[PDB]
There are 2 protein chains.
Amino acid sequence: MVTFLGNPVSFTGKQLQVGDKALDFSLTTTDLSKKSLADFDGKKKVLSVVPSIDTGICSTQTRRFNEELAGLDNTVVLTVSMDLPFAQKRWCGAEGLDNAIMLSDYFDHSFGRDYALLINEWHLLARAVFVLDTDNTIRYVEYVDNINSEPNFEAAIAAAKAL
Amino acid sequence: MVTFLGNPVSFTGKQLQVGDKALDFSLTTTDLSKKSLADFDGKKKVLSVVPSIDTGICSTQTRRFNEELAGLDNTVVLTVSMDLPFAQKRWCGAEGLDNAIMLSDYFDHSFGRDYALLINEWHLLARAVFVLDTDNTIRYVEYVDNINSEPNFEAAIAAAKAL
């Protein structure tokens, strides 16, 4: 169903949907320290997942989301990819977004496995966007079918704004 | 006694020693395909393992061996890291080393755990240098005690040329 590099890819287990509660995680940040869902309590989150910020669509997604939602109070933008912390760090620097919150799942692939976003054929994270409320309940989700294409920014942001 | 980021680190299993046969592997190259020992059959190989090319020392190391051991007939310098293929490819273009052979272990972490180079605390690859025989026998190997320091280029380079 979902496609990557002109070919259908698969996953394992079920993916969270609107209404479900966002699964906790332990990801390595850009300064090598770990982060979990708790570190973001009391905030609404826009969970953005990309194959690798070292590629065009994934870089634009991350850049654009951080910018277009920067003016949103009580809301934080989490980017999760398989890039090493060092790759995400280089990115921030090049883009002038040193404060952007970048999370890597390289250590375990646990985030990808728990969320069923780990592509079985490539072990990279499939493109997706979540908008969680304060209770970490998913109020919006988008699993881009054609991973090699941009996500729906409008819907995502409009959803994040209404919340 | 190996350290990383100033603190001591350990591994699981036993690391290979000179005289031992290099274990096989299936790593992803920069074009996203997979390579194994079989793909460099009948050639001398300089296995340089690094924590991440998006870091100072690692960059220098990958650049040095490639330039120095360049031209060496029937000899290939295989770079292995946890860096995503995209990171390795990007680095190659920025450094002007487009023909350089980069292999990623992001998928399985199989190389790291098989060679016992997968740092238990970080799940990154410790800095090491191998010089394999045409029969894939380890004729020389160095495990940098201080992963955050450069290896013995002279010693490694001399072995390859002497092989």
# chains A, B, ... in the order shown; residues from 1 in each chain; ligands from 1
call {"tool": "closest_atom_pairs", "arguments": {"of": "chain A", "to": "chain B", "cutoff": "6 Å", "atoms": "only C-alpha atoms", "output": "tab-separated table"}}
result
residue	atom	partner	partner_atom	distance
A:54	CA	B:86	CA	5.8
A:83	CA	B:84	CA	6.0
A:86	CA	B:54	CA	5.8
A:107	CA	B:123	CA	5.7
A:123	CA	B:107	CA	5.8
call {"tool": "residues_around", "arguments": {"residues": "segment 18-24 of chain A", "least_positions_apart": "3", "cutoff": "10 Å", "atoms": "only C-alpha atoms", "output": "NGL selection string"}}
result
:A and (15 or 27 or 35-38 or 47 or 111 or 114-115 or 130-133 or 135-142)
call {"tool": "select_by_dssp", "arguments": {"residues": "chain A", "states": "helix (DSSP H, G or I)", "output": "PyMOL selection string"}}
result
chain A and resi 37-40+56-68+85-95+110-115+153-162
call {"tool": "write_last_selection", "arguments": {"atoms": "C-alpha atoms", "output": "mmCIF file, in the first residue's frame"}}
result
data_model
loop_
_atom_site.group_PDB
_atom_site.id
_atom_site.type_symbol
_atom_site.label_atom_id
_atom_site.label_comp_id
_atom_site.auth_asym_id
_atom_site.auth_seq_id
_atom_site.Cartn_x
_atom_site.Cartn_y
_atom_site.Cartn_z
ATOM 1 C CA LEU A 37 7.134 12.013 26.071
ATOM 2 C CA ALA A 38 7.259 13.277 29.677
ATOM 3 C CA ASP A 39 9.795 15.965 28.787
ATOM 4 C CA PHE A 40 6.952 17.507 26.831
ATOM 5 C CA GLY A 56 14.749 17.060 -0.054
ATOM 6 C CA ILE A 57 11.161 16.387 0.941
ATOM 7 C CA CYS A 58 12.166 15.435 4.480
ATOM 8 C CA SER A 59 14.246 18.598 4.923
ATOM 9 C CA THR A 60 11.423 20.894 3.700
ATOM 10 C CA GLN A 61 8.880 19.171 5.914
ATOM 11 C CA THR A 62 10.983 19.748 9.037
ATOM 12 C CA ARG A 63 11.960 23.319 8.125
ATOM 13 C CA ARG A 64 8.461 24.402 7.112
ATOM 14 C CA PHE A 65 6.719 22.812 10.116
ATOM 15 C CA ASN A 66 9.105 24.406 12.641
ATOM 16 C CA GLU A 67 8.671 27.799 11.002
ATOM 17 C CA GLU A 68 4.928 27.745 10.361
ATOM 18 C CA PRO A 85 22.016 12.790 16.066
ATOM 19 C CA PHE A 86 25.069 14.196 14.282
ATOM 20 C CA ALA A 87 23.138 14.445 10.977
ATOM 21 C CA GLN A 88 20.224 16.265 12.584
ATOM 22 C CA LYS A 89 22.667 18.586 14.346
ATOM 23 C CA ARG A 90 24.424 19.464 11.083
ATOM 24 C CA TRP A 91 20.996 20.101 9.581
ATOM 25 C CA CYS A 92 19.881 22.536 12.280
ATOM 26 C CA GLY A 93 23.119 24.458 11.852
ATOM 27 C CA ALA A 94 22.827 24.652 8.063
ATOM 28 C CA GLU A 95 19.152 25.715 8.315
ATOM 29 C CA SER A 110 11.913 1.255 19.126
ATOM 30 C CA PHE A 111 9.909 4.365 18.194
ATOM 31 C CA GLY A 112 9.485 3.026 14.674
ATOM 32 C CA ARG A 113 8.528 -0.416 15.976
ATOM 33 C CA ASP A 114 6.117 0.799 18.660
ATOM 34 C CA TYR A 115 4.383 3.144 16.217
ATOM 35 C CA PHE A 153 0.823 20.950 5.763
ATOM 36 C CA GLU A 154 -2.508 22.830 5.709
ATOM 37 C CA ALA A 155 -4.598 20.181 7.447
ATOM 38 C CA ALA A 156 -1.836 19.468 9.958
ATOM 39 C CA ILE A 157 -1.364 23.116 10.922
ATOM 40 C CA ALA A 158 -5.115 23.903 10.880
ATOM 41 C CA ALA A 159 -5.564 20.969 13.261
ATOM 42 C CA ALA A 160 -2.710 22.163 15.458
ATOM 43 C CA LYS A 161 -4.225 25.654 15.443
ATOM 44 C CA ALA A 162 -7.740 24.573 16.387
#
call {"tool": "atom_distance", "arguments": {"atom1": "atom CA of residue 5 of chain A", "atom2": "atom CA of residue 150 of chain A"}}
result
13.8 Å
call {"tool": "atom_distance", "arguments": {"atom1": "atom CA of residue 50 of chain A", "atom2": "atom CA of residue 81 of chain A"}}
result
5.2 Å
call {"tool": "atom_distance", "arguments": {"atom1": "atom CA of residue 70 of chain A", "atom2": "atom CA of residue 41 of chain A"}}
result
17.9 Å
call {"tool": "residues_around", "arguments": {"residues": "residue 126 of chain A", "least_positions_apart": "3", "cutoff": "9 Å", "atoms": "only C-alpha atoms", "output": "list in words"}}
result
residues 2, 4, 49, 50, 51, 81, 112, 117, 118, 119, 123, 143, 144, 145 and 147 of chain A
call {"tool": "select_by_dssp", "arguments": {"residues": "segment 8-126 of chain A", "states": "strand (DSSP E or B)", "output": "PDB file with C-alpha atoms, in the first residue's frame"}}
result
ATOM      1  CA  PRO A   8       5.112  -0.770  -1.961  1.00  0.00           C
ATOM      2  CA  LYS A  21      -3.023   7.703  22.867  1.00  0.00           C
ATOM      3  CA  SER A  26      13.083   7.332  24.490  1.00  0.00           C
ATOM      4  CA  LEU A  27      14.947   9.134  21.724  1.00  0.00           C
ATOM      5  CA  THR A  28      18.421  10.690  21.537  1.00  0.00           C
ATOM      6  CA  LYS A  34      17.707  11.264  25.823  1.00  0.00           C
ATOM      7  CA  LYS A  35      14.115  12.538  25.527  1.00  0.00           C
ATOM      8  CA  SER A  36      10.755  10.946  26.314  1.00  0.00           C
ATOM      9  CA  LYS A  44       0.510  20.091  22.647  1.00  0.00           C
ATOM     10  CA  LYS A  45       2.726  18.381  20.066  1.00  0.00           C
ATOM     11  CA  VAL A  46       3.040  18.074  16.314  1.00  0.00           C
ATOM     12  CA  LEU A  47       4.849  14.763  15.790  1.00  0.00           C
ATOM     13  CA  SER A  48       6.508  14.891  12.377  1.00  0.00           C
ATOM     14  CA  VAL A  49       8.199  11.690  11.087  1.00  0.00           C
ATOM     15  CA  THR A  75       2.681  23.688  21.200  1.00  0.00           C
ATOM     16  CA  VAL A  76       5.956  21.952  20.382  1.00  0.00           C
ATOM     17  CA  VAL A  77       7.281  20.484  17.135  1.00  0.00           C
ATOM     18  CA  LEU A  78       9.016  17.112  17.403  1.00  0.00           C
ATOM     19  CA  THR A  79      10.858  15.698  14.382  1.00  0.00           C
ATOM     20  CA  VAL A  80      11.713  12.023  14.462  1.00  0.00           C
ATOM     21  CA  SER A  81      13.915  10.309  11.901  1.00  0.00           C
ATOM     22  CA  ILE A 101      13.757  19.649  18.396  1.00  0.00           C
ATOM     23  CA  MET A 102      15.300  16.761  16.535  1.00  0.00           C
ATOM     24  CA  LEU A 103      14.921  13.174  17.747  1.00  0.00           C
ATOM     25  CA  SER A 104      16.730  10.083  16.445  1.00  0.00           C
ATOM     26  CA  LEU A 118       9.521   1.250  10.706  1.00  0.00           C
ATOM     27  CA  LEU A 125      10.678   5.751   9.303  1.00  0.00           C
TER      28      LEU A 125
END
